[PDB]
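Student: These protein sequence lines map, in sequence, to chains C, A, D and B.
Residues 480 to 626, 635 to 1029 in the deposited numbering are what the first sequence lists, from first letter to last.
Residues 480 to 626, 635 to 1029 in the deposited numbering are what the second sequence lists, from first letter to last.
In terms of the deposited numbering, the third sequence opens at residue 1 and continues consecutively.
In terms of the deposited numbering, the fourth sequence opens at residue 1 and continues consecutively.
Just so it is clear, CB atoms sit at the ideal spot from N, CA and C, and this is done for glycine as well.
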Amino acid sequence: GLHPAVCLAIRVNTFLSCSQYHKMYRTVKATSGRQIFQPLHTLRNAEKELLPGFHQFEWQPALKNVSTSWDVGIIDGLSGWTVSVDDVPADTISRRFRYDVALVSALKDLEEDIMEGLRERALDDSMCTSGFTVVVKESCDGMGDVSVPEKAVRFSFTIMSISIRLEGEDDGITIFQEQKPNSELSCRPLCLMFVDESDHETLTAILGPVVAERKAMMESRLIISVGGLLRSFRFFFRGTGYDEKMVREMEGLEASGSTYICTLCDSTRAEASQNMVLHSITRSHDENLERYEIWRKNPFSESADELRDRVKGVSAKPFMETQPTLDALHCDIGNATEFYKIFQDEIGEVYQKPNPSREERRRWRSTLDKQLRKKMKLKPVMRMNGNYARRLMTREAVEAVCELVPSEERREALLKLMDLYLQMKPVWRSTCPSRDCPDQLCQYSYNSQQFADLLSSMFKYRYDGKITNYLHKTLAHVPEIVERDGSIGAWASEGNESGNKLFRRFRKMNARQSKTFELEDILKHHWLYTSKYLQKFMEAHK
Amino acid sequence: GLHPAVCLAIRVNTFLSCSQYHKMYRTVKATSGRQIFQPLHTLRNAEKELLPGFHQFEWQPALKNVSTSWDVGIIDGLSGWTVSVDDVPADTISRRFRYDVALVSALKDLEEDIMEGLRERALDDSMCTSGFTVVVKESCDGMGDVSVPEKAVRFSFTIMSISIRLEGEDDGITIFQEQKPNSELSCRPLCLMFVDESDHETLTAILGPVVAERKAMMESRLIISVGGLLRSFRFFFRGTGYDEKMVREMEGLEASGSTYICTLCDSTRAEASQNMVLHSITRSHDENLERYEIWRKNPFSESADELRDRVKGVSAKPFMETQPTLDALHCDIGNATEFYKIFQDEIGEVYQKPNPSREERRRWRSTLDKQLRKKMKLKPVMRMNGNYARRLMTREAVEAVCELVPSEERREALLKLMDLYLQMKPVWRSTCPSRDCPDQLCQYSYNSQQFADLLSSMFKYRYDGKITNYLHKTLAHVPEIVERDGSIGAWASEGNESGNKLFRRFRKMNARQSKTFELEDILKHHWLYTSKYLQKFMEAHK
Amino acid sequence: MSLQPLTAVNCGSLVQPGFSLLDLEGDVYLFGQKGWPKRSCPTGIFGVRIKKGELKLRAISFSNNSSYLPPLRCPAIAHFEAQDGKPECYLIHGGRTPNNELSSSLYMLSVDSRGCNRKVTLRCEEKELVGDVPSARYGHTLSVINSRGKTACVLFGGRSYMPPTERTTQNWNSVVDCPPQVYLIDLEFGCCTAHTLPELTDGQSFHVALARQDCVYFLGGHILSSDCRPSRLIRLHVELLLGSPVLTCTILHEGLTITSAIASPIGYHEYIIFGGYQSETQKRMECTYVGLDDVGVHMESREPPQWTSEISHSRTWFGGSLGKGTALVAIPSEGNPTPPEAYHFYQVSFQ
Amino acid sequence: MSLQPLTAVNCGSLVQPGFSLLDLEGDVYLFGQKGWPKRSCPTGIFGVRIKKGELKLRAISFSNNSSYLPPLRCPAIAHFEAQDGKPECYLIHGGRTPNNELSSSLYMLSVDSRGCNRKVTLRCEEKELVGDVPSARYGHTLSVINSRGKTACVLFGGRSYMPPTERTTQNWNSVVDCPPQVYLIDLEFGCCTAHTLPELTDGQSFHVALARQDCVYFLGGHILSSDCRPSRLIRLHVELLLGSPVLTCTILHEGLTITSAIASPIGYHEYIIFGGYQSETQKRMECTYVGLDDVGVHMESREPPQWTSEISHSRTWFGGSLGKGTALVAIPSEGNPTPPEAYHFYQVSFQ
DNA sequence: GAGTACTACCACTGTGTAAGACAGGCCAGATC
DNA sequence: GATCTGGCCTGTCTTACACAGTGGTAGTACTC
DNA sequence: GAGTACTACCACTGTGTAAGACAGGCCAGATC
DNA sequence: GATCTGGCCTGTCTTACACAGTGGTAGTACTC
Ligand SMILES: [Ca+2]
Ligand SMILES: [Ca+2]
Ligand SMILES: [Ca+2]
Ligand SMILES: [Ca+2]
Ligand SMILES: [Zn+2]
Ligand SMILES: [Zn+2]
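1. Hey, quick one: how far does the alpha helix (DSSP H) through A/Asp926 stretch, first residue to last?
2. Could you check which residue in B/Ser309, B/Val216, B/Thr316 and B/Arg284 has the C-alpha nearest to that of B/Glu303?
3. Any heavy atom of ligand 3 within a distance shorter than 7 Å of the CB on C/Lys638?
4. Taking 8 Å as the cut-off, decide whether the C-beta atoms of C/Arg574 and C/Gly556 are in contact.
5. Which residue marks the beginning of the alpha helix (DSSP H) containing C/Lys912, and which one marks its end?
6. Please confirm if B/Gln16 has its CB atom under 8 Å from at least one CB of chain A.
7. Taking the alpha-carbon positions, what's the D/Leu219 to D/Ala209 distance?
8. CA-CA distance, C/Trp538 and C/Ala585?
9. Sorted by chain position, which residues of the same chain lie with C-beta nearer than 6 Å to C/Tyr504's C-beta, five sequence neighbours on each side aside?
10. Put C/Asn987 into one of helix, strand or coil per three-state DSSP.
11. Compute the minimum distance between the beta carbon of C/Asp819 and the heavy atoms of ligand 3, and state whether it is under 7 Å.
12. Between the alpha carbons of C/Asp565 and C/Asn874, how many angstroms are there, rounded?
13. Buried or exposed for C/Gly739, going by 16 or more other Cβ atoms inside 10 Å?
14. Can at least three beta-carbon pairs, one atom from the region 519-526 of chain C and one from the region 481-499 of chain C, be found at a separation below 8 Å?
15. Put C/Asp972 into one of helix, strand or coil per three-state DSSP.
16. B/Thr168 touches chain A at which residues, Cβ-Cβ below 8 Å?
17. Just by C-beta distance, which residues in the region 562-593 of chain A are closer than 9 Å to chain C?
18. When Cβ atoms are compared, which residues of the region 794-808 of chain C fall closer than 8 Å to chain D?
19. Sorry if obvious, but does the Cβ on A/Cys674 come closer than 7 Å to a heavy atom of ligand 6?
20. Helix, strand or coil: which one does DSSP assign to residue 1031 of chain C?
21. Using a Cβ-Cβ distance under 8 Å, would A/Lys502 count as near chain C?
22. State yes or no: is the C-beta of A/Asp592 nearer than 7 Å to some heavy atom of ligand 2?
23. Taking the CB atoms as reference points, tell me whether B/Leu102 and B/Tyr29 lie closer together than 8 Å.
24. Determine which residues of the region 670-702 of chain C have a Cβ less than 7 Å from any Cβ of chain D, and write them out in chain order.
25. Which term fits C/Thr612, buried or exposed, when burial requires 16 or more other beta carbons within 10 angstroms of its beta carbon?
26. Quickly, what does DSSP pair A/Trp538 with across the bridge? List them, please.
27. Beta carbons nearer than 8 Å to chain A: which residues of the region 46-67 of chain B have them?
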């Protein structure tokens, strides 16, 4: 006999229907039975402890314009959209958990690990039930091709760390910290929609409640029966799982090959060729709000362009607080597509032939891809993905490319370039840089300095007035970000985008299939898929 | 502990990848272990008793131009296509077993049931090892939409019955007969291709060996070690799982709304409106061969049309023996689409308004579909499928339609029509009519007589010179076919088309995915999917 | 009364069912659009050019003293007519932001200068409101009235979100009708007054309101509490007395069961109603001439043009008046792949 | 030499890579279609009409005394030229059936009567063979020779299936070269003789054979035993002495490494070779003029037309001569969805 | 000691897009 | 009739999007 | 006696095609 | 210049092609 939880997890984690699992259950039950698996209806009853809407909690003070019911499950995302025909239509199909309920679910699921974190720090448990601090990574991304694409947006969050500040004289004793923050298996879905990223009208209509509730939770303290005792939690949100496109869309910036390039600085694009490394972090959500009011009222009666430059590119009203940070994965893909282009433009020579054709660009791409296929055994890709970018930023792929550029200063140059890049990639790819690559963390300014200056010198034919955004961020902003927050790569969107992969599997084998239900099903199955408690049943001491 | 066979079947029958099954095996093995499931490699080792190419057999006399090796497994179907570029290309991707090997596999799989049929008829077993007769139903169909369609053809066979004639003074003691001949789970695939039905050039190049082997096996006797003893089998093939398009294509007839309508008779289309019920079966494979000889040599020097008429529509050289019969399922679909049209032309008035528009026909279709939705709660279908056709030929759907035709003479007419049809549908839909519905078999001539004559009378406006092929077959040929071959519906291609549904499943989840391998994989899993021995492990006393 | 299908050549992603058409100095300006203003057009207001069956859009600019201006979605829209001091404006209040807020500010939008090369500059003065201000709402209506001979501006109807105390994150997109008060906005100064009416028992939204020379006729709205569509017609008569604007009202016997209409002006005080929707499933397909005098309103069916099959089988539709008895209408379009031209366009014309 | 892309307006599906073009009396006839003969055309032979950059196909009919005729796929094709008794025929033997059997019968295909209205009728006489008959084969070749002054017909080369005793159902589509004999077919009577040649050590297939006035020049074939494309040109010289047609042969120094070519005739005994394939991966892209006299064959590169990118990046290609220095070429086409026009067509022309 | 099981190796689809900012080119066209 | 200029165009640059997850093979942990 | 499990109920995509024979309409076009 | 006729066209008819297979609900076998 197995515990019903274990078999629930067996059914979620191996992608089985009800009817397939049942066929197997009756089969293994009539040969050698003795019942091994549980029947279906006792897993439907077993899970209701794991979905959102089961534990009782309460906030103090009460939540502002949030209801006091604590047992709500899966709602439809329209949030009471009155469906008259004269208003803008209610075409959207969306489903969601009510944010705080799913929070309290994910905490009651990490109740084992907060308790053993308490016991392991040799901290007492009847005391210190008042001052817990959870740090929550939220994350949102659109997603195409779910056979028109009928694209999907999938807003999720992940519990990053939970530390303790009670009772006083200190600042915080970390109790838990996420060992694998970029995994799917720690990226919990909160809300799904059949929406395009781009139409800000539907995204804000569905996500308006969610941000209202987040804004409502930053003041109150949560109260949970955790370990027998009622205890008090407070929350800090770090919005970091946004690719850059979306950060600009939702911070009122203009997208994305603009004159205003940095999300963190005020420097123009050409001004960030001259000075590649000297920029302080200035932008904040509340200053975007103040500058947008500069834009609306125009209190000094300036023209379109004097206004745009007075406000450094805030022409839209910010609608979502976002942590001013970077995304490790998309930084990788940008730098890989940049280096791929640089190699393509170095096989053919374009520091001699300063303006080349399109068809010689195609010749050079084909010869680069053939060369990278003969040694290094790579195929060509439609679009840069993570594995290709990882394999592409190696010493020996550069070394197999350098065999085609003839001048051995271009060669030794870009070998110096690549090895500089490898000397500084681990500071922004690390899950924690200060512990796992500390000398690179302190050598970062010097390393990036020489990288910038070598681009200035031996590539000025390319970077006279135009730089890619990630290159800007990676060269001017990394030391200051990682000193303020502690880590990079830990906060990436990877886990979210990786979760889209899962989302695809569920859409096929577990569809209703109907729009009114397909999200309620993907959503339930995805939420089970992530609860730690069923993942320990998954590992079972490995 | 479970037997490795049982768990192999658990993994095939519930649609699980190696890595999904493994995740569950390791999971249920570290909670509560004691190993319940077998590991993967012992299932890989467990099945080679069940795939083709395992048991030793031999033919007497040896097989004509068939090799003597008995341990051959999965071949690629090109059969040694020399891949010069100047010849027609070897573009086709195809896979197949080797006909006789899969035959001997299917018999060694029915070893238990032949022996139990021997003991249950109280027949001795060390005697009677020479006179066995197996009746094999083979079956071929094309198949679209496997995401251009990249259509597929899937040539399969099914063991229908096995009887005994040894030793003399008798004709045959049936020992096994198929209780459920139209199921998938008794339809064993033999060969797969990425081919269109229509291009006769690739189909004959891949299927040429197969027909050569079939033609080679009708003379010899097989020799198999079954129940400890070497015993002798003979074979009779009945090619019946072909829809009509295919039978015409494969018998040298012209397709399909020709002037020669019947596959079994010589009557012209117009001549099969005057005489609806009086036609004898004349056509045979060998007469097609000698009429094609008439066509090619033209020994009496007549014109195109006089020659076509001399030869009754044999203008192509027949390439495959096919049993001259009908397909119960496709007969259903033809008669349902016919009655759907007749209703459409009775809601609107036609025997009054002898020529209507297409847009009146569209009005009438919409109103018919609305009526059938209000009562009978059916939705409208793009195309007729088996469930719709079954539900459509009910008394109460006619009864809900008759509420829209105004004259209660047309009304009571087509009520008499439908109930006649229901009085004679079970003779051709039955798995065995002579035992299960014998009086309709006796009353069939009379019932069809009155059906024909009521069409002659009250529908002359529709059937002056034009009749559908199935209506012809069902009205002129059913008594003689079911007298000669014992049953109808038992030989349909429905079970084959039903296995196309399975083909789809495997392509989605058990793919390599690559063309060179995808067929070797679909083919292995489909063959396992059907072997009786794993289905008894599936039911295990229910 | 002819409709001819147009085709919008380039730029069609910049139009959404609720938008506004402003007729300024013979030139027609599209206002409100999907999204925040792109940087192809950092102002968000477009000039409409109809030529040879083509719809072309041109980026308008502002002045230096002008305030910029979010793309309101179903705002209330007042043709301020040419008089003293500066003709000839266009009051906008308040509509719904592109980020779904509701606007609580009043904008006066005028023409400012020309050319050089058929270039026009507009301007926006954000008019500050002191009251008694009206609450942020949308689908309401604004009209201008003249009495002896001061000019004021009457505002009535509309939907809003539920009050911020009862508004819940499962109510967040729910709407309720705002209380049925009328607002007198004088436009200099920015003084607003609210007046309650014994006869105006319940709020309504998406109605047309037509004013002439101090009398306003409110035609058929949509009431959302009872989901009824009243066919009655309201006529209210103001007079701006020193210095309290007395305000009377009457229910007139029969008006018109429409919602969300297109009122093109053809004559001096004569319009044509192009039809939004009659019932929740069935859009109003017939045109109606509405002349109005000092006896009251008069009203006659004209016969509608032959609606194409395409504009007949659409589920929804919207559009607006290019003025002078000509209007633009739009139909959602269905194709696979997406066209991605989301809307087919027609041009309708009177006589 | 110019190439101009055609487009085949209708009936795209009735053409397959191995097919034949017979030039009869100025009119060109396509022969050997995919499939058995549909009833659009129960004869299976089509008339080719080129106009306006369009390819049009017209159903030809037969006579009453004619035998009908399966669609051979790569048959051997002999222009019997106008002499006594009945001009001017076209010998076909034997190619490959639409149901992939190999043809063991010989068909004489002549013109018979016209009109009325540009109607032509052909006829087929199935000619019976008495020998020493040749085995069913394909890709071989047939030519006509005149010696003092009788006319005979020489047949040599080709592929076949493995002998019926070693043909296995895993060898079924495997081919081997048939023994390198030559066959003298006299055309009345149906007397065939087989002759073995010390110089002809191995069979070959898909070669071009050109004959003139009792000498035949075999140009580059493909040999499948050794997977080489020999460039050695063969020249054999017959003479019909009653009763034994004595037959000599020489290997000439250098010919041409081609396979599966297009030989259009332009002159009296002068052809142009449009090219099949040089190596297994690389199709022969240059044209070659081949004049032949009684000294021997002479041979010169002309410069080829500028092959479009489309006919340059195809993997395979085929086609045939519309005669008189004009030919038709075909390229497989790739698109999604399928066009379903499977082949793009070009018309090539000399001078 | 080997023989088991596990887990990591490989082959592989398909080899383009989709919107948008901005530079620059330049031209309708309308006034001067 | 000359300008020129505001606006259309074209190309180019930049930011995302698809491509996992499945069979078989085999080294390798690893252990009866 | 109920309470378990099993098995059958319902919702539901999407609401057209793809080839071909033959009748008939008819017209290029070429001869008479 | 008249025919008419063989050939193109158009529509119509007939033969196949997708739509299972998955959650949830609940009667119901059926039994601790
Ligand atoms: Ca992404
Ligand atoms: Ca089928
Ligand atoms: Ca993105
Ligand atoms: Ca079929
Ligand atoms: Zn910066
Ligand atoms: Zn018949």
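Tutor: With the given structure in hand:
1. Working through the second sequence from its first residue, we reach residue 926 of chain A at position 439. A/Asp926 -> alpha helix (DSSP H) spans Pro925 to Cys929.
2. Locating residue 303 of chain B in the fourth sequence gives position 303, where the first residue counts as 1. Ranking B/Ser309, B/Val216, B/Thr316 and B/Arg284 by Cα distance to B/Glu303 puts B/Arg284 first.
3. Residue mapping note: residue 638 of chain C aligns to position 151 of the first sequence, counting from 1. No, the beta carbon of C/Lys638 sits no closer than 7 Å to any heavy atom of ligand 3.
4. Along the first sequence, one-based indexing puts residue 574 of chain C at 95. Along the first sequence, one-based indexing puts residue 556 of chain C at 77. In contact: C/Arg574 and C/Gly556 (Cβ atoms closer than 8 Å).
5. For the purposes of this step, residue 912 of chain C is taken as residue 425 along the first sequence, with counting starting at 1. Per DSSP, C/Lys912 belongs to the alpha helix (DSSP H) from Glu895 to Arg916.
6. In the fourth sequence, the residue the question calls residue 16 of chain B occupies position 16. For B/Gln16, the closest Cβ of chain A is nearer than 8 Å.
7. What you label residue 219 of chain D is simply residue 219 of the third sequence in a count that begins at 1. What you label residue 209 of chain D is simply residue 209 of the third sequence in a count that begins at 1. Distance between the alpha carbons of D/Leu219 and D/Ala209 is about 6 Å.
8. Numbered from its first residue, the first sequence carries residue 538 of chain C at position 59. Numbered from its first residue, the first sequence carries residue 585 of chain C at position 106. The alpha-carbon of C/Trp538 is positioned some 16 Å away from that of C/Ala585.
9. Position 25 of the first sequence, counted from the first residue, corresponds to residue 504 of chain C. These residues qualify, in order along the chain: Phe516.
10. In the first sequence, counting from the first residue as 1, residue 987 of chain C sits at position 500. Per DSSP, reduced to three states, the secondary structure at C/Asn987 is helical.
11. Here the question's residue 819 of chain C lines up with position 332 in the first sequence. Not so, every heavy atom of ligand 3 lies at least 7 Å from the Cβ.
12. For this step, residue 565 of chain C is matched to residue 86 along the first sequence. For this step, residue 874 of chain C is matched to residue 387 along the first sequence. Taking the straight line from one Cα to the other gives about 49 Å.
13. Here residue 739 of chain C is taken as the residue at index 252 of the first sequence, counted from 1. Its Cβ being crowded by 16 or more others within 10 Å, C/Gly739 is buried.
14. yes
15. Stepping through the first sequence from its first residue, residue 972 of chain C is reached at position 485. C/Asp972: helix per DSSP, three-state reduction.
16. Walking along the fourth sequence from the start, residue 168 of chain B turns up at place 168. Those are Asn544, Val545 and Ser546, listed as they occur along chain A.
17. none
18. Flagged, chain order: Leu794, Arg795, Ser802, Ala803, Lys804 and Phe806.
19. Taking the first residue of the second sequence as 1, we reach residue 674 of chain A at position 187. No, the Cβ of A/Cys674 stays beyond 7 Å of every heavy atom of ligand 6.
20. Lying before the first or after the last residue shown, residue 1031 of chain C is absent from chain C, which here runs from 480 to 1029.
21. Mapped onto the second sequence, residue 502 of chain A falls at position 23. Yes - at least one Cβ of chain C is within 8 Å of the one on A/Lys502.
22. Translated into positions along the second sequence, residue 592 of chain A becomes position 113. Because no heavy atom of ligand 2 lies under 7 Å away, the Cβ of A/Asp592 does not count as near it: no.
23. Sequence index remark: in the fourth sequence, residue 102 of chain B carries index 102 (1-based). Sequence index remark: in the fourth sequence, residue 29 of chain B carries index 29 (1-based). For B/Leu102 and B/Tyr29, no; Cβs fall outside 8 Å.
24. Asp686, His687, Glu688, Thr691, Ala692, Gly695, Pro696, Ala699 and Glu700
25. The sequence position of residue 612 of chain C within the first sequence is 133, counting from 1. Buried is the call here.
26. The residue you call residue 538 of chain A lines up with position 59 of the second sequence. A/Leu709, per the DSSP bridge assignment.
27. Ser61, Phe62, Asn64, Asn65, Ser66 and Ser67
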